[PDB]
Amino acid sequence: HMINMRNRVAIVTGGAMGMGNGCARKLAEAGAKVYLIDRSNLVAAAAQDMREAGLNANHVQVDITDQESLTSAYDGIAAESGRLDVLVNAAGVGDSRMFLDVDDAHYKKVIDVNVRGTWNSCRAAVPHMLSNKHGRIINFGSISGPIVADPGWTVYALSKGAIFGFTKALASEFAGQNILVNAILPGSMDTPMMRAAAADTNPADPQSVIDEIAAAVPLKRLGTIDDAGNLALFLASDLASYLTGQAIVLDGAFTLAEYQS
């Protein structure tokens, strides 16, 4: 086996669906004990589905914006497992709003989940990784903010720029303690968030929006939750023991093309 995560303990935020679910599945397939962290009531069934496929999956229903409850959850995971090796911060919200139409509710919702939620998760995990003398943190950014941007994404792009900068500073601070910190910057991925955005843009024909996005990618398809989980698994593994402080673009050359398609 080139990848062996047996006896490693991972927490994945956003584990109930989308890329977090993909990351939890790949870590579990590699032999990790995985905890799905999600506010969604679907998270228990998500962990159940993985146990039925022979995987060591567990859940905690908790809101990552509640620092006290999240800290209590991670302390409990570390206590009952004896260690914490891997954190994937995949929980996020993708709300769009034109800059002049932004209200305090929208600003707060996107930044609390995307920024403070990743902050709270890292802050609860790092102490347990220091006890272990070993940790891997994989943050989810976006191409939106650090690389490219469209109109209508100022708060989301601000939130993912924050993750980009936070990732580099956390990597720098804990390199000497063998905690490696990296970000995945996904392009157009086939998730519930993307399907919802497609329905918002064209309620009559959401599939036609998905088809147009796929045609603008040089690889001619959206990324999958498996593609995202595969890169998170690589970064969590002994195959990536020298790779830290980097933001890796996973986009099928969507941001590479000089003219679109």
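Start at 1 with the first residue shown and count on from there.
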> Can you tell me which stretch has the higher mean Cα B-factor, 178-186 or 129-137?
Replying inline: 129-137
> For the stretches 156-164 and 73-81, which has the higher mean C-alpha B-factor as given in the deposited record?
Replying inline: 73-81
>> Quiz for you: based on the deposited Cα B-factor, which of 228, 217, 44, 236 is highest?
In response: 44
> Looking at the C-alpha B-factor of residue 32, is it in the lowest, middle or highest third of its chain?
Replying inline: middle
